[PDB]
2 protein chains.
Amino acid sequence: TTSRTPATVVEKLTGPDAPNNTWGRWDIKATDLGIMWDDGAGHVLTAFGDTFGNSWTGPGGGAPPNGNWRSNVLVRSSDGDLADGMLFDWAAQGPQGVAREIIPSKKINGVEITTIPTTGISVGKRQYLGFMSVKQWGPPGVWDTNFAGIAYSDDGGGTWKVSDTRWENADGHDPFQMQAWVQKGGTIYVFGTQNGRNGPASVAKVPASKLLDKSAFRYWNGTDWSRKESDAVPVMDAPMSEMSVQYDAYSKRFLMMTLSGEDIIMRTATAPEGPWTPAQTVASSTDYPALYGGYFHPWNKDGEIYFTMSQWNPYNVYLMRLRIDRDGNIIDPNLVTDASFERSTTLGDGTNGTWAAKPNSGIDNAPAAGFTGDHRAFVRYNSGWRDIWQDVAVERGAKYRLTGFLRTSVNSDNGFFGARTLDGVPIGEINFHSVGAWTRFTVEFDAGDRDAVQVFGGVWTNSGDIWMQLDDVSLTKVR
Amino acid sequence: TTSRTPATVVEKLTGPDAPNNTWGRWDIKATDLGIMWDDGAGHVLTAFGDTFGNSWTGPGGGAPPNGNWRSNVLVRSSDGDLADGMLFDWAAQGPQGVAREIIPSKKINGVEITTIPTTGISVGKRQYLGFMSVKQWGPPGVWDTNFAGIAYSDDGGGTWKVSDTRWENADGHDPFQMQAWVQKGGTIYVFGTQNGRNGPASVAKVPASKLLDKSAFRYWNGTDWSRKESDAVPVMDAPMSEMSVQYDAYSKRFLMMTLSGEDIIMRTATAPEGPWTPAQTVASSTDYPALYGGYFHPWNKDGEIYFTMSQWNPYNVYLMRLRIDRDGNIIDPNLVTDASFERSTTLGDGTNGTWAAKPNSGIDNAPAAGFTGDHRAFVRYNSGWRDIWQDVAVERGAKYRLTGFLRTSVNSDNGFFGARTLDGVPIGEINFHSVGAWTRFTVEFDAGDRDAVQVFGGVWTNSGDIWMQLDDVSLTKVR
Ligand SMILES: [Ca+2]
Ligand SMILES: [Ca+2]
Ligand code: NA
Ligand code: NA
Ligand code: NA
Ligand code: NA
């Protein structure tokens, strides 16, 4: 939909230009999902789906026959400061230098093309990784699974065994093929959808110590929680996709993220069986074309909700953030309009929620040309101060946080990124020189006694034919 | 010298192809030194000298006017597992996205061109960073300092203040311009050289709690430790460079590393005043041309000695290892001859410590063409198995570790790296596909009942015109 996107892009976690350099460290050049859990020993384990190496070019999933295709990979993090990104400090490798596949797959189309992780947790000293055996893919959003299964690790993710616990899908419509786990007290709640993205969500529950025991599961039936999987009724209507559920102590509610039709949405509840509050837009397909996934980071605190989001054309995973209040409502949205430049193919005049820029400028539009999506802004010349800017309404005497992604031609010598009055008077800014990789800059400032500021990035072009590219600019209120 | 190098290359820590991605994370594209100390809170702080960003090309230090020249930068590590590299998890930045200069300099040639860190230590809640103010550079190994100073931080390296504590260089020949600190019980020993690389080492000591109080220093005079700095006498003869001193519990000895003339060497002592055992070669200038630095990692144990080495042409820092026994003697040297390919401009026949390769092979030779140095091997073809190898003598029944750096054409689909019998039958190998970045591969294997093996790397070339490059190959006994 054309709905505004409240969420802010924090970091590209995988693939080309990722700070993590997963491409160079582990041959993780393109991948998806980024499913996260706390391992119980002060780390976050992150699992990924179909993953390609060095020869991948994009756009989209899939690579040449030498693309080192793995069905899944697994990395760790110790990073407790997500505002500045999420560093990966370990991966499961084999050989050393190459992140390996942890759950094997036959890679025979129409039998088992792949194995895709769906949700993870730890209990005591064991790690558990739900996954689906994919028989074949169909059109976007449509695919057939053989079963949901569970792998486990007793060494912190270093080695993995596939358990004998399965939800078979003989008729295709089994309602727990793609799971999402959340612990509350002694119970693990187990959300489930069918294979693909067109059906509803159901819910089951299991004592935390009995996750692998099918006989200990009980299924919400409308009235109570009973023994038979066939008694499960939906708790959230179609369409639902891959899901993530988190119990948020700030708001004292469960939070659920999924792609529902076109957009990633969030719903909230105080009971896992519902009622579930209506969808709130997290990210729209207009701003983030061909987005999917949406998994909560286990260390979310204080209503500052970080999550991973996937996108088809760059086929890589992004760390995102949004803010909730104590009722689970999204507040303090990105105040920049058309933050990822995807909504227009031209600049405007900088007013009424448009971008403007000095000659020569434009919106580059090509598969995966953006930091995210297919659009980015640029400016380029060989004389003088050359900038891109937007007028944003703000609250008098409030404090704001500006982030955005940029890179320059190698010969760039002096640019700036920041906020200024509508008359050009700087409020707060940083200074960059030459920027190779897509790089995030970050400026915090007081609005002062004004109700509008101009957010901007630019380069001096006195020294030569110099350019700057810009994407995914966010202005959010602080607190 | 032409002496063999026992030391093994572990990882490129900074710059192009570095796993750490310092270039993309922090605009650290080219740098030197990598001076390390324990911060007393579970981390390793690492400081660097003159640092350049995105527009740096090399070879050598120095960059175009837009090179984002900083006199020094600082990064952190929490990595306890040095065999597979040293991950940096934090940097002092300003603006965010750019590692900043922590000790300011005037950048006025012949007044103060730069400020260069020398040695570091923590006592209680405070970090200290010794530095030299450089008035002007001379020919290689020759420069003039104004003084040696000490900066400090009370917040784990986040913010720095330059202290009033100084060793002025009035007569040009002050013996403590370029320091190395080592702590033993309650005492810091402060080794010192004159400016540049052609004089001797002296030694002082101070109570660890009184590092900033000049009055508290005592200076080894040949009989005891006295109050006057002009009473200090040499404990190690010229020529001495930058130095690193560690107390090694394993061997119960002080270990000292320095460039001494052409080669980096190590000396050992049970007392800081000496006597110092004779120099042992660490790395030779023939294998590692224009090498410098050599700083011990503070978490070394068990006789596994990790250190940082600098090299002019690539102008970046590498992690290195050697092994010592309990007398501080270097053992289990790299058995591969001409590990870095620097000793010849052509291939040999694979015997008597030479390399061999299939058609079409060569030694590529240009400034900074190597992973390290100017030389790397290549093999390239469009049919069949295409490999580079060397016959290496081994001990029957012993276990070996093979590491080496390689990368391929994008179109590579199936290569191997390992050890095999002289008749070509693999003993232990790994399988790579397409390798973008210079990437280290690692194989451990048992020699069996054999007196020699062939270490190799190669690619299958049936799928197209495909090439592999190779450098810095090491075979070391395990344990
Ligand atoms: Ca975009
Ligand atoms: Ca070399
Ligand atoms: Na995928
Ligand atoms: Na972080
Ligand atoms: Na330097
Ligand atoms: Na490591």
# chains A, B, ... in the order shown; residues from 1 in each chain; ligands from 1
>>> select_by_dssp(residues="stretch 1-157 of chain B", states="helix (DSSP H, G or I)", output="compact mmCIF listing (two decimals) with N, CA, C and O atoms, in the first residue's frame")
# COMPACT_ATOMS: atom_id res chain seq x y z
N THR B 22 37.46 -2.38 8.44
CA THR B 22 37.69 -1.06 9.01
C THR B 22 37.43 0.09 8.03
O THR B 22 37.07 1.17 8.47
N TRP B 23 37.76 -0.12 6.73
CA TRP B 23 37.51 0.84 5.68
C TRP B 23 36.00 1.19 5.65
O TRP B 23 35.63 2.34 5.70
N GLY B 24 35.12 0.20 5.48
CA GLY B 24 33.71 0.52 5.35
C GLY B 24 33.08 0.98 6.68
O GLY B 24 32.20 1.84 6.67
N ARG B 25 33.48 0.37 7.81
CA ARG B 25 32.85 0.66 9.11
C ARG B 25 33.25 2.08 9.58
O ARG B 25 32.40 2.80 10.15
N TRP B 26 34.57 2.42 9.39
CA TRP B 26 35.16 3.56 10.11
C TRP B 26 36.07 4.48 9.27
O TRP B 26 36.71 5.43 9.79
N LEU B 82 42.33 -15.90 18.98
CA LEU B 82 43.17 -15.19 17.99
C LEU B 82 43.56 -16.05 16.80
O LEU B 82 43.95 -15.50 15.76
N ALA B 83 43.45 -17.39 16.90
CA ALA B 83 43.85 -18.24 15.78
C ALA B 83 43.13 -17.91 14.50
O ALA B 83 43.66 -18.19 13.41
N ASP B 84 41.86 -17.51 14.64
CA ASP B 84 41.02 -17.22 13.49
C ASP B 84 40.84 -15.72 13.24
O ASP B 84 39.86 -15.35 12.58
>>> calpha_fit_rmsd(fixed="chain B", moving="chain A")
0.2 Å
>>> residues_around(residues="stretch 315-326 of chain A", least_positions_apart="5", cutoff="7 Å", atoms="only C-alpha atoms", output="PDB file with N, CA, C and O atoms, in the first residue's frame")
ATOM      1  N   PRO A   6       6.439   4.086   9.327  1.00  0.00           N
ATOM      2  CA  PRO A   6       6.995   4.722  10.529  1.00  0.00           C
ATOM      3  C   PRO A   6       8.472   4.354  10.817  1.00  0.00           C
ATOM      4  O   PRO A   6       9.209   5.138  11.395  1.00  0.00           O
ATOM      5  N   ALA A   7       8.830   3.115  10.409  1.00  0.00           N
ATOM      6  CA  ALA A   7      10.090   2.482  10.793  1.00  0.00           C
ATOM      7  C   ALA A   7      11.248   3.108  10.045  1.00  0.00           C
ATOM      8  O   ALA A   7      11.110   3.559   8.900  1.00  0.00           O
ATOM      9  N   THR A   8      12.405   3.029  10.718  1.00  0.00           N
ATOM     10  CA  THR A   8      13.675   3.613  10.335  1.00  0.00           C
ATOM     11  C   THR A   8      14.696   2.491  10.052  1.00  0.00           C
ATOM     12  O   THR A   8      14.791   1.561  10.831  1.00  0.00           O
ATOM     13  N   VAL A   9      15.424   2.622   8.939  1.00  0.00           N
ATOM     14  CA  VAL A   9      16.520   1.739   8.566  1.00  0.00           C
ATOM     15  C   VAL A   9      17.755   2.072   9.404  1.00  0.00           C
ATOM     16  O   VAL A   9      18.166   3.237   9.531  1.00  0.00           O
ATOM     17  N   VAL A  10      18.245   1.054  10.114  1.00  0.00           N
ATOM     18  CA  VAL A  10      19.387   1.192  11.008  1.00  0.00           C
ATOM     19  C   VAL A  10      20.709   0.745  10.375  1.00  0.00           C
ATOM     20  O   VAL A  10      21.754   1.352  10.617  1.00  0.00           O
ATOM     21  N   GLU A  11      20.697  -0.406   9.678  1.00  0.00           N
ATOM     22  CA  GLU A  11      21.941  -0.951   9.135  1.00  0.00           C
ATOM     23  C   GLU A  11      21.596  -2.058   8.120  1.00  0.00           C
ATOM     24  O   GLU A  11      20.629  -2.810   8.305  1.00  0.00           O
ATOM     25  N   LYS A  12      22.457  -2.217   7.090  1.00  0.00           N
ATOM     26  CA  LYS A  12      22.398  -3.406   6.233  1.00  0.00           C
ATOM     27  C   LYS A  12      23.267  -4.428   6.977  1.00  0.00           C
ATOM     28  O   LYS A  12      24.521  -4.247   7.044  1.00  0.00           O
ATOM     29  N   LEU A  13      22.712  -5.594   7.358  1.00  0.00           N
ATOM     30  CA  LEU A  13      23.421  -6.614   8.139  1.00  0.00           C
ATOM     31  C   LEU A  13      24.250  -7.591   7.317  1.00  0.00           C
ATOM     32  O   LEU A  13      25.267  -8.093   7.845  1.00  0.00           O
ATOM     33  N   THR A  14      23.859  -7.824   6.042  1.00  0.00           N
ATOM     34  CA  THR A  14      24.471  -8.856   5.217  1.00  0.00           C
ATOM     35  C   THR A  14      24.711  -8.271   3.835  1.00  0.00           C
ATOM     36  O   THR A  14      23.923  -7.426   3.351  1.00  0.00           O
ATOM     37  N   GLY A  15      25.694  -8.872   3.145  1.00  0.00           N
ATOM     38  CA  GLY A  15      25.810  -8.634   1.725  1.00  0.00           C
ATOM     39  C   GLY A  15      26.651  -7.416   1.393  1.00  0.00           C
ATOM     40  O   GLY A  15      27.297  -6.771   2.267  1.00  0.00           O
ATOM     41  N   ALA A  30      24.444 -12.903  -0.108  1.00  0.00           N
ATOM     42  CA  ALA A  30      23.020 -12.576  -0.266  1.00  0.00           C
ATOM     43  C   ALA A  30      22.267 -13.669   0.485  1.00  0.00           C
ATOM     44  O   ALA A  30      22.641 -14.851   0.379  1.00  0.00           O
ATOM     45  N   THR A  31      21.212 -13.276   1.232  1.00  0.00           N
ATOM     46  CA  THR A  31      20.552 -14.171   2.154  1.00  0.00           C
ATOM     47  C   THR A  31      19.277 -13.471   2.628  1.00  0.00           C
ATOM     48  O   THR A  31      19.007 -12.316   2.283  1.00  0.00           O
ATOM     49  N   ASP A  32      18.520 -14.171   3.471  1.00  0.00           N
ATOM     50  CA  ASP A  32      17.257 -13.587   3.941  1.00  0.00           C
ATOM     51  C   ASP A  32      16.889 -14.109   5.315  1.00  0.00           C
ATOM     52  O   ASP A  32      17.524 -14.999   5.838  1.00  0.00           O
ATOM     53  N   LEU A  33      15.852 -13.485   5.875  1.00  0.00           N
ATOM     54  CA  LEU A  33      15.219 -13.811   7.154  1.00  0.00           C
ATOM     55  C   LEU A  33      15.939 -13.136   8.323  1.00  0.00           C
ATOM     56  O   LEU A  33      15.557 -12.013   8.708  1.00  0.00           O
ATOM     57  N   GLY A  34      16.998 -13.744   8.894  1.00  0.00           N
ATOM     58  CA  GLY A  34      17.601 -13.125  10.052  1.00  0.00           C
ATOM     59  C   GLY A  34      16.733 -13.318  11.293  1.00  0.00           C
ATOM     60  O   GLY A  34      16.411 -12.354  11.995  1.00  0.00           O
ATOM     61  N   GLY A  60      17.377 -10.083  -6.658  1.00  0.00           N
ATOM     62  CA  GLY A  60      16.666 -11.245  -6.223  1.00  0.00           C
ATOM     63  C   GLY A  60      17.508 -12.438  -5.801  1.00  0.00           C
ATOM     64  O   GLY A  60      18.745 -12.441  -5.925  1.00  0.00           O
ATOM     65  N   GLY A  61      16.811 -13.416  -5.208  1.00  0.00           N
ATOM     66  CA  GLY A  61      17.430 -14.649  -4.787  1.00  0.00           C
ATOM     67  C   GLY A  61      17.908 -15.463  -5.999  1.00  0.00           C
ATOM     68  O   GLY A  61      17.536 -15.217  -7.133  1.00  0.00           O
ATOM     69  N   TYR A 250       7.890  -3.631  28.524  1.00  0.00           N
ATOM     70  CA  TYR A 250       7.593  -2.200  28.579  1.00  0.00           C
ATOM     71  C   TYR A 250       6.085  -1.938  28.550  1.00  0.00           C
ATOM     72  O   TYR A 250       5.581  -1.064  29.241  1.00  0.00           O
ATOM     73  N   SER A 251       5.392  -2.624  27.643  1.00  0.00           N
ATOM     74  CA  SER A 251       4.002  -2.386  27.373  1.00  0.00           C
ATOM     75  C   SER A 251       3.188  -3.484  28.043  1.00  0.00           C
ATOM     76  O   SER A 251       1.985  -3.393  27.997  1.00  0.00           O
ATOM     77  N   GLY A 303      10.550   0.265  24.802  1.00  0.00           N
ATOM     78  CA  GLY A 303       9.639   0.619  23.703  1.00  0.00           C
ATOM     79  C   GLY A 303      10.403   0.884  22.403  1.00  0.00           C
ATOM     80  O   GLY A 303       9.786   1.242  21.402  1.00  0.00           O
ATOM     81  N   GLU A 304      11.709   0.591  22.396  1.00  0.00           N
ATOM     82  CA  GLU A 304      12.602   0.795  21.231  1.00  0.00           C
ATOM     83  C   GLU A 304      12.716  -0.572  20.545  1.00  0.00           C
ATOM     84  O   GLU A 304      13.382  -1.464  21.106  1.00  0.00           O
ATOM     85  N   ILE A 305      11.937  -0.769  19.483  1.00  0.00           N
ATOM     86  CA  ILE A 305      11.672  -2.087  18.912  1.00  0.00           C
ATOM     87  C   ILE A 305      12.513  -2.243  17.615  1.00  0.00           C
ATOM     88  O   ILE A 305      12.189  -1.657  16.556  1.00  0.00           O
ATOM     89  N   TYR A 306      13.613  -3.022  17.744  1.00  0.00           N
ATOM     90  CA  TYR A 306      14.479  -3.343  16.623  1.00  0.00           C
ATOM     91  C   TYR A 306      13.990  -4.690  16.029  1.00  0.00           C
ATOM     92  O   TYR A 306      13.511  -5.552  16.748  1.00  0.00           O
ATOM     93  N   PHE A 307      14.149  -4.858  14.702  1.00  0.00           N
ATOM     94  CA  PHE A 307      13.698  -6.047  14.002  1.00  0.00           C
ATOM     95  C   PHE A 307      14.498  -6.174  12.721  1.00  0.00           C
ATOM     96  O   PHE A 307      14.967  -5.159  12.250  1.00  0.00           O
ATOM     97  N   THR A 308      14.558  -7.402  12.203  1.00  0.00           N
ATOM     98  CA  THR A 308      15.184  -7.611  10.874  1.00  0.00           C
ATOM     99  C   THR A 308      14.101  -7.681   9.794  1.00  0.00           C
ATOM    100  O   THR A 308      13.057  -8.351   9.897  1.00  0.00           O
ATOM    101  N   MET A 309      14.409  -7.064   8.642  1.00  0.00           N
ATOM    102  CA  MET A 309      13.570  -7.049   7.481  1.00  0.00           C
ATOM    103  C   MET A 309      14.362  -7.466   6.235  1.00  0.00           C
ATOM    104  O   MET A 309      15.527  -7.110   6.118  1.00  0.00           O
ATOM    105  N   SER A 310      13.737  -8.295   5.372  1.00  0.00           N
ATOM    106  CA  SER A 310      14.353  -8.791   4.175  1.00  0.00           C
ATOM    107  C   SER A 310      13.750  -7.986   2.995  1.00  0.00           C
ATOM    108  O   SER A 310      12.668  -7.419   3.124  1.00  0.00           O
ATOM    109  N   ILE A 331       4.472   5.095  17.886  1.00  0.00           N
ATOM    110  CA  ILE A 331       4.631   6.540  18.018  1.00  0.00           C
ATOM    111  C   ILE A 331       5.979   7.001  17.425  1.00  0.00           C
ATOM    112  O   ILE A 331       6.846   6.198  17.103  1.00  0.00           O
ATOM    113  N   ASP A 332       6.140   8.335  17.314  1.00  0.00           N
ATOM    114  CA  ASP A 332       7.348   9.020  16.870  1.00  0.00           C
ATOM    115  C   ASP A 332       7.800   8.405  15.534  1.00  0.00           C
ATOM    116  O   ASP A 332       8.934   7.953  15.423  1.00  0.00           O
TER     117      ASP A 332
END
>>> closest_atom_pairs(of="chain A", to="chain B", cutoff="10 Å", atoms="only C-alpha atoms", output="tab-separated table")
residue	atom	partner	partner_atom	distance
A:17	CA	B:24	CA	7.2
A:18	CA	B:24	CA	8.1
A:19	CA	B:25	CA	5.2
A:20	CA	B:21	CA	7.4
A:21	CA	B:21	CA	6.3
A:22	CA	B:19	CA	8.6
A:23	CA	B:436	CA	8.3
A:24	CA	B:437	CA	5.6
A:25	CA	B:19	CA	5.3
A:26	CA	B:19	CA	9.1
A:27	CA	B:435	CA	7.7
A:53	CA	B:434	CA	7.5
A:54	CA	B:434	CA	5.8
A:55	CA	B:410	CA	5.7
A:56	CA	B:410	CA	9.3
A:64	CA	B:411	CA	9.0
A:65	CA	B:413	CA	7.9
A:66	CA	B:413	CA	4.8
A:67	CA	B:434	CA	7.5
A:68	CA	B:433	CA	6.6
A:78	CA	B:89	CA	9.3
A:79	CA	B:89	CA	8.5
A:84	CA	B:96	CA	8.5
A:87	CA	B:89	CA	7.3
A:88	CA	B:89	CA	9.2
A:89	CA	B:87	CA	7.3
A:90	CA	B:87	CA	9.5
A:94	CA	B:430	CA	8.7
A:95	CA	B:430	CA	6.2
A:96	CA	B:441	CA	6.1
A:97	CA	B:441	CA	6.3
A:98	CA	B:432	CA	8.2
A:408	CA	B:54	CA	9.8
A:409	CA	B:55	CA	9.3
A:410	CA	B:55	CA	5.6
A:411	CA	B:55	CA	6.9
A:412	CA	B:66	CA	7.0
A:413	CA	B:66	CA	4.8
A:414	CA	B:66	CA	8.0
A:429	CA	B:95	CA	9.4
A:430	CA	B:95	CA	6.2
A:431	CA	B:95	CA	7.2
A:432	CA	B:95	CA	8.0
A:433	CA	B:66	CA	6.4
A:434	CA	B:54	CA	5.7
A:435	CA	B:54	CA	6.1
A:436	CA	B:54	CA	5.9
A:437	CA	B:24	CA	5.4
A:438	CA	B:24	CA	8.0
A:439	CA	B:97	CA	6.6
A:440	CA	B:97	CA	6.5
A:441	CA	B:96	CA	6.1
A:442	CA	B:96	CA	6.4
A:443	CA	B:96	CA	8.7
A:463	CA	B:66	CA	9.6
>>> atom_distance(atom1="atom CA of residue B:255", atom2="atom CA of residue B:3")
20.6 Å
>>> residues_around(residues="stretch 170-179 of chain B", least_positions_apart="4", cutoff="10 Å", atoms="only C-alpha atoms", output="PyMOL selection string")
chain B and resi 116-120+130-134+143-149+166+189-197+199-204+229-230+232-234+241-245
>>> residues_near_ligand(ligand="ligand 2", cutoff="9 Å", atoms="only C-alpha atoms and all ligand atoms", output="list in words")
residues 287, 288, 338, 339, 340, 341, 342, 365, 368, 369, 370, 371, 372, 373, 374, 375, 376, 377, 470, 471 and 472 of chain B
>>> residues_around(residues="stretch 208-211 of chain B", least_positions_apart="5", cutoff="6 Å", atoms="only C-alpha atoms", output="compact mmCIF listing (two decimals) with N, CA, C and O atoms, in the first residue's frame")
# COMPACT_ATOMS: atom_id res chain seq x y z
N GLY B 186 53.42 -4.53 41.18
CA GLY B 186 52.97 -3.16 41.35
C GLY B 186 53.73 -2.12 40.54
O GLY B 186 53.57 -0.93 40.83
N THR B 187 54.57 -2.55 39.58
CA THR B 187 55.54 -1.65 38.97
C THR B 187 55.30 -1.61 37.47
O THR B 187 54.99 -2.66 36.92
N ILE B 188 55.34 -0.41 36.87
CA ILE B 188 55.48 -0.30 35.40
C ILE B 188 56.95 -0.08 35.03
O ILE B 188 57.56 0.91 35.47
>>> decode(residues="stretch 378-396 of chain A", atoms="N, CA, C and O atoms", output="CSV table (one decimal), in the first residue's frame")
chain,number,residue,atom,x,y,z
A,378,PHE,N,20.6,11.4,-6.0
A,378,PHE,CA,22.0,11.8,-6.2
A,378,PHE,C,22.0,13.3,-6.5
A,378,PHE,O,21.0,13.9,-6.9
A,379,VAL,N,23.2,13.8,-6.3
A,379,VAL,CA,23.6,15.1,-6.8
A,379,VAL,C,25.0,15.1,-7.2
A,379,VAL,O,25.9,14.4,-6.7
A,380,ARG,N,25.3,15.9,-8.3
A,380,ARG,CA,26.6,15.8,-9.0
A,380,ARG,C,26.9,17.1,-9.7
A,380,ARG,O,26.0,17.6,-10.5
A,381,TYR,N,28.1,17.7,-9.6
A,381,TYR,CA,28.5,18.9,-10.3
A,381,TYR,C,30.0,19.0,-10.2
A,381,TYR,O,30.7,18.2,-9.6
A,382,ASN,N,30.6,20.1,-10.8
A,382,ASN,CA,32.0,20.4,-10.8
A,382,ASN,C,32.2,21.8,-10.4
A,382,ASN,O,33.2,22.5,-10.7
A,383,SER,N,31.3,22.4,-9.6
A,383,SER,CA,31.5,23.7,-9.0
A,383,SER,C,30.5,24.0,-7.9
A,383,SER,O,29.3,23.8,-8.1
A,384,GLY,N,31.0,24.4,-6.8
A,384,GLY,CA,30.2,24.9,-5.7
A,384,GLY,C,29.5,23.9,-4.8
A,384,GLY,O,29.7,22.7,-5.0
A,385,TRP,N,28.6,24.4,-4.0
A,385,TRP,CA,27.9,23.6,-3.0
A,385,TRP,C,26.7,22.9,-3.6
A,385,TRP,O,25.9,23.6,-4.3
A,386,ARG,N,26.6,21.6,-3.5
A,386,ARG,CA,25.6,20.8,-4.2
A,386,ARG,C,24.9,19.9,-3.2
A,386,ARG,O,25.5,18.9,-2.7
A,387,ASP,N,23.6,20.1,-3.0
A,387,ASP,CA,22.8,19.5,-1.9
A,387,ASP,C,21.4,19.0,-2.3
A,387,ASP,O,20.9,19.4,-3.4
A,388,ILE,N,20.9,18.1,-1.5
A,388,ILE,CA,19.6,17.5,-1.5
A,388,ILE,C,18.9,17.8,-0.2
A,388,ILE,O,19.5,17.6,0.8
A,389,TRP,N,17.6,18.2,-0.2
A,389,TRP,CA,17.0,18.6,1.1
A,389,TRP,C,15.5,18.4,1.0
A,389,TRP,O,14.9,18.3,-0.1
A,390,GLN,N,14.9,18.4,2.2
A,390,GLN,CA,13.5,18.4,2.4
A,390,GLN,C,13.1,19.2,3.6
A,390,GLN,O,13.6,19.0,4.7
A,391,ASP,N,12.0,19.9,3.5
A,391,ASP,CA,11.4,20.7,4.6
A,391,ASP,C,10.5,19.7,5.4
A,391,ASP,O,9.6,19.0,4.9
A,392,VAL,N,10.8,19.6,6.8
A,392,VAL,CA,10.1,18.7,7.6
A,392,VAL,C,9.4,19.5,8.8
A,392,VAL,O,10.1,20.3,9.5
A,393,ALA,N,8.1,19.4,9.0
A,393,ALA,CA,7.5,20.0,10.2
A,393,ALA,C,8.1,19.3,11.5
A,393,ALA,O,8.1,18.0,11.5
A,394,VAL,N,8.4,20.1,12.5
A,394,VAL,CA,8.9,19.6,13.8
A,394,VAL,C,8.2,20.4,14.9
A,394,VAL,O,7.4,21.4,14.6
A,395,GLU,N,8.3,20.0,16.2
A,395,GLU,CA,7.7,20.6,17.3
A,395,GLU,C,8.8,21.6,18.0
A,395,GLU,O,9.9,21.2,18.2
A,396,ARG,N,8.3,22.8,18.2
A,396,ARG,CA,9.1,23.9,18.8
A,396,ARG,C,9.8,23.3,20.1
A,396,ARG,O,9.1,22.6,20.8
